[PDB]
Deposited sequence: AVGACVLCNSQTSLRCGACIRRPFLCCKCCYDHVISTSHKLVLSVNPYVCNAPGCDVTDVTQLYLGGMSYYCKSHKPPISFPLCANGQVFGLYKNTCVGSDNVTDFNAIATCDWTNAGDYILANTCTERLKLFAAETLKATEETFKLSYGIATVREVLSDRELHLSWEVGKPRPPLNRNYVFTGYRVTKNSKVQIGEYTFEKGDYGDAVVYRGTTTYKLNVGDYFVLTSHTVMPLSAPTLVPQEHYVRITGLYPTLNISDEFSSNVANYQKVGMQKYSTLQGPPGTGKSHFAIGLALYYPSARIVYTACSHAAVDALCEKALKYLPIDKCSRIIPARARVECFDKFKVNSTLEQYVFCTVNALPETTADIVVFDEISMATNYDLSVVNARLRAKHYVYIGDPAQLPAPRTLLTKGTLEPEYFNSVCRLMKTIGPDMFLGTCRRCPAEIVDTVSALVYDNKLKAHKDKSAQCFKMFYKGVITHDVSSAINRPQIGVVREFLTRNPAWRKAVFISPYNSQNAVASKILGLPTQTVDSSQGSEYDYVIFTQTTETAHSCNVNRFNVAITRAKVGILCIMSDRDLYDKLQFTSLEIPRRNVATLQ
């Protein structure tokens, strides 16, 4: 019960019992919280509740100190002191933003704005509160039970009445019962068990509600700037491949932390791996939120770094298949590749946190708590997709509010910027450079003359809420017949249901914009499907068109984004 105030650090025994995270609040700050919010339960060794038998007064403003015990206005002794007076709550050792973080439901964008513009301790409080809210929200959904099993990849489900049904996409990883984690896709539904098991009729599923641990470390450690490269030993025989980043690698050694904004295909993973060749003695821990981001870093390290000093840390509860070419779970290796949730408690000369737009402040804090490093490097792009905020339904979350690192990149600018896109044909580079990069992204490739756009609204149907546009898939079918080189294209859309239809009608491999992030393909066929806030999101649009190395076909619903595409227009 001895603690330190979340708003002022002043020691106290007072905790708000009405806050989902029960934060320590000092006398002057506990008062400002209880008098301005619906939160009236104050905790200590003993709660501030009426000691009179059978009395239910728990409100601190309606309670008093009668000797050593607490009583309400109806039960207090003549010699008693109100717990709330002179702007203070009685306690040992004797805010507008804190109130809003403590009481909000996390369904509005303004809640996330606040959680990123507040003080550093309030950023951790917001992160802890939000994650706890997100996990209690998992209980609200209805249990799905296996009703029948057709084959090895298709089944039929029975849902719990009264309780709502969670949206069916690979974004919601279920838990089958402990018969392995399971994922679902849309009566013909597809069952995807992470662990191969004979799908039993009657076995129930439940969403993975994990316990939210407290945050101790800040999202960002305080910045230090040095006059010399500190604790890192460079080479003067740095391969000409990585010569373009020599000045930026030196900046990495002359600051506690550095931010790198890398638009698509500008060399983020080449920069990350080249940092190891530049400081060849440095123990580097490469971390990211997803297994895919960590695997993409493993793939680049396999080409440049010695395999015997690399280790891929895999959690014992192995969910999806990941990188198999490094020695598994050897924490002591010079190069450690591991997701944020699987990180061991260790130190490093450098920590590289990749795909920073996908990090939450909870992840930023966990990294600082599990890894003590001389230097931290944050690589990503605030013009790319952020982590899904399952509770956010109202308002659009801007890139400066994704996390602390993204807030810095959007406000003061990134420390390092990779300005040349080597992946995409110039049509794509020019479009996104003007859309999200203030005309600072340059094309390495020439125009491919294989970038097409078609303005075709089609017909929007819905699979619950996930959208389908069969006419847009029909336009793609007609195009494929005339453009056989496009037979090898990846179909991309902002919807799983659109992708499921396109996969059957076109036979092209399919990918949502969100799951395509970090991947590249020679040819991409994109159907916008609808003109909603989701499908018009400039960050999602940016990720969608920048997957293409050679050609892109964009079947558009929105006139604005269609007019911004610097592509050859097609008729029909």
| property | result |
| --- | --- |
| Parts of the chain sequence, as deposited, that carry no C-alpha coordinates in this structure | 95 to 102, 186 to 193, 203 to 206, 593 to 601 |
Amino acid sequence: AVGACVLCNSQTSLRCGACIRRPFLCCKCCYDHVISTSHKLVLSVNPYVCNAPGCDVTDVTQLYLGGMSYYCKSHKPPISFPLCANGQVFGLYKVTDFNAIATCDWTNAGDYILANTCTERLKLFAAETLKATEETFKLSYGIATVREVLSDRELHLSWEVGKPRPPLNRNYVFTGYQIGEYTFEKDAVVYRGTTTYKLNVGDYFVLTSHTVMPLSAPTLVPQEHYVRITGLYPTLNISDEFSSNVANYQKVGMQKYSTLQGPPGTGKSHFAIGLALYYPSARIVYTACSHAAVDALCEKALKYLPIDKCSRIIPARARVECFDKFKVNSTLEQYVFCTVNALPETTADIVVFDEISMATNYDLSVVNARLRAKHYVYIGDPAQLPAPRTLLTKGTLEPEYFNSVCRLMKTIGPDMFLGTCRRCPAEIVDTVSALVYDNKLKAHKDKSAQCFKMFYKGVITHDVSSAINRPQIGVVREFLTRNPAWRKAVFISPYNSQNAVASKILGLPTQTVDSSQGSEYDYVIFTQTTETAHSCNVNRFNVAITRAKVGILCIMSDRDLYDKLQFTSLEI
From here on, numbers count along this sequence of modelled residues.
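Whichever C-alpha set is largest while still superposing within 1.5 Å between the two forms counts as the rigid core.
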property: Rigid core superposition result in 9 other deposited structures of this protein, more deviant of 371 to 379, 74 to 82 by Cα; result: 74 to 82
property: Farther-lying stretch by C-alpha RMS in 9 other deposited structures of this protein (rigid core fit) among 490 to 498, 463 to 471; result: 463 to 471
property: Coordinates absent for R317 in a third or more of other entries; result: yes
property: Greater mean Cα temperature factor according to the PDB record, 325 to 333 or 115 to 123; result: 325 to 333
property: Segment of higher mean CA temperature factor, 149 to 157 or 419 to 427; result: 149 to 157
property: Most elevated Cα B-factor in the entry, residues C19, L553, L14, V550; result: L14
property: Maximum C-alpha temperature factor, selected from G262, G413, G142, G458; result: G142
property: Ranked C-alpha temperature factor of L570 among modelled chain residues, by third; result: lowest
property: Entry-reported Cα temperature factor of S448, expressed as the chain third it lands in; result: lowest
property: Chain-wide C-alpha B factor ranking for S516, given as lowest, middle or highest third; result: lowest
property: Third of the chain, ranked by Cα B-factor, where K163 sits; result: highest
property: Cα B factor band for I314 (lowest, middle or highest third within the chain); result: highest
